[PDB]
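*Asks:* Sequences listed follow chains A and H, in order.
The numbering of the first sequence is the authors' numbering, which starts it at 367 and goes up by one.
The numbering of the second sequence is the authors' numbering, which starts it at 367 and goes up by one.
I'd like to ask you about the structure that follows.
Protein chains: 2
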Amino acid sequence: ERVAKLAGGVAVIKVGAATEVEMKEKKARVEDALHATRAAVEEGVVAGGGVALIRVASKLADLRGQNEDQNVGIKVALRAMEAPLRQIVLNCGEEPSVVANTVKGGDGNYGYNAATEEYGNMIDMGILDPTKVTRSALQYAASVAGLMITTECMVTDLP
Amino acid sequence: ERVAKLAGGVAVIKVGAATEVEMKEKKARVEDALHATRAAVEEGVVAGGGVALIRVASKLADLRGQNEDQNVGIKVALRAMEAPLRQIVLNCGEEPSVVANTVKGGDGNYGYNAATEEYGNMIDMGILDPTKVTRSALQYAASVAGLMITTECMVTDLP
């Protein structure tokens with residue numbers, strides 16, 4: 367904060383809306399974007415639409431572990447890596463597996479543009495997620511769900 | 367017509383079988399088939415796997431009615447025409463929308479062979495439904511469900 371006061375400078379974004387329920391959801395989105403850009407800057411961008419994830423899943427098609435159970439454990443994460451793309455499509459009322467099949471038929475930054483309903487190069491269409499966020503999504507989900515599946519017993523209060 | 371009936375004799379069939387159950391059971395299926403056949407003859411075969419229906423749905427992609435409600439009414443039947451294929455696939459434990467997407471990507475008699483789990487030409491693979499049956503399925507379902515959706519009030523006995 368002090369470095370900006372001295373350096374460079376300090377900027378304020380003022381959000382406009384007609385009402386107050388609008389003000390709140392809008393201010394919340396600008397706050398969200400403000401963070402996501404700060405993350406991209408410290409950690410770049412990758413193809414959005416969750417294609418980045420689908421792309422790393424095919425790169426790791428040949429990853430193996432110390433034994434067969436570890437292998438299924440890998441295939442479990444890879445298969446999960448498809449889910450963001452799969453939900454995005456499902457929220458559009460469209461066939462999620464059919465979109466996924468055809469994105470997985472492509473290469474590099476080829477993806478589905480859910481807004482316009484046609485395939486293309488995601489970076490060219492301006493659909494970029496920041497790397498830090500995609501990474502962070504993955505690391506954290508993995509961390510919790512990893513633990514979660516090792517649960518054999520649960521202890522809680524009575525109803 | 368009187369000559370044809372008379373000169374002419376009557377052909378008979380004796381359904382052979384191991385068990386009296388199967389026997390009389392098989393006998394049944396026979397009389398059935400015979401039916402459809404006579405009918406099939408009077409008015410043939412079409413690609414099974416419910417592809418015929420999926421095929422007519424794309425031919426009618428440009429059908430319209432007297433007003434917008436009539437239009438939705440058309441899209442409602444077309445969308446339904448996909449259901450047999452969709453159930454067949456769902457009974458195999460496989461992704462029904464993914465199969466449908468790829469059959470709809472094809473043409474003519476290209477379909478899914480649920481038995482062998484691979485796509486191909488349905489007539490070549492011997493998967494044929496008789497026309498009279500496919501037609502008749504459609505006409506009757508339409509007839510009842512058509513009426514059914516116009517229901518605003520129901521009158522029955524007390525529980």
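Backbone N, C-alpha and C fix where the C-beta goes; we use that ideal spot for every residue, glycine too.
#1: Kindly indicate the opening and closing residues of the beta strand (DSSP E) around A:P496.
#2: Here's a check: name, in chain order, each residue in its chain whose Cβ is nearer than 7 Å to the Cβ of H:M491, leaving out the five neighbours to either side.
#3: Expressed to the nearest angstrom, what Euclidean distance is found between the alpha-carbon atoms of A:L426 and A:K441?
#4: Going by CA-CA distance only, name the one from H:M447, H:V469, H:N437 and H:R404 that's closest to H:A423.
#5: For the region 454-473 of chain H, which residues have a CB atom closer than 7 Å to at least one CB atom of chain A, in sequence order?
#6: Is H:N487 helix, strand or coil by DSSP?
#7: If you follow the beta strand (DSSP E) that H:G477 is part of, which residue opens it and which one closes it?
#8: When we look at the beta-carbon of A:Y506 and count the other beta-carbons within 10 Å, is it buried (16 or more) or exposed?
#9: In chain order, which alpha helix (DSSP H) runs of at least 4 residues are fully inside the region 387-429 of chain A?
#10: Output the residue ranges of the alpha helix (DSSP H) runs that lie fully inside the region 423-473 of chain H and measure 4 residues or longer, sorted by chain position.
#11: With a CB to CB cut of under 6 Å and the five nearest residues on each side skipped, what residues in its chain are close to H:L494?
#12: What first and last residue would you give for the alpha helix (DSSP H) that runs through H:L524?
#13: For H:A406, which residues from the same chain have a beta carbon less than 8 Å from its beta carbon, with the 5 sequence-adjacent residues on both sides left out?
#14: Which residues in the same chain have their Cβ closer than 6 Å to the Cβ of H:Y485, if we skip the five residues on either side of it in sequence?
#15: Please report how far the alpha carbon of A:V438 lies from the alpha carbon of A:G431, in whole angstroms.
#16: Where A:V469 and H:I454 are concerned, what is the direct C-alpha to C-alpha distance, given to the nearest angstrom?
#17: Do A:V464 and H:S463 have their C-beta atoms closer together than 8 Å?
#18: Here's the rule: buried if 16 or more other CB atoms are within 10 angstroms of the residue's CB, otherwise exposed. What is H:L451?
#19: Measure the Cβ-Cβ separation of H:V381 and H:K392 and say whether it is below 8 Å.
#20: Out of curiosity, what's the CA-to-CA distance linking A:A399 and A:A377?
#21: What three-state label does DSSP hand H:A503 in the structure shown?
#22: Closest to A:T482 by C-alpha separation, out of A:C458, A:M389, A:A383 and A:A511, would be which residue?
#23: Beta-carbon within less than 8 Å of A:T403's beta-carbon, same chain only, minus the 5 sequence neighbours each way: which residues are those?
#24: Go through its chain and collect everything with a Cβ distance to H:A383's Cβ below 7 Å, but skip five positions before and after it.
#25: So H:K371 is in the alpha helix (DSSP H); what residue range does that whole segment cover?
#26: Do A:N475 and A:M488 have their beta-carbon atoms positioned less than 8 Å apart in this structure?
*Replies:* Answer, in terms of the structure:
#1: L494 to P496
#2: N479
#3: 9 Å
#4: H:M447
#5: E461, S463, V464 and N467
#6: Collapsing the DSSP output to three states places H:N487 in a strand.
#7: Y476 to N479
#8: exposed
#9: 387-408 and 417-425
#10: 434-447, 449-456 and 462-470
#11: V411 and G414
#12: It is not in any alpha helix (DSSP H) - H:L524 carries neither H nor E in the DSSP assignment.
#13: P496, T497, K498 and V499
#14: So the list reads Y478, once near-sequence residues are dropped.
#15: 9 Å
#16: 26 Å
#17: yes
#18: buried
#19: yes
#20: Put simply, the backbone Cα of A:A399 is about 15 Å away from that of A:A377.
#21: helix
#22: A:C458
#23: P496.
#24: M389 and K392
#25: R368 to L372
#26: yes
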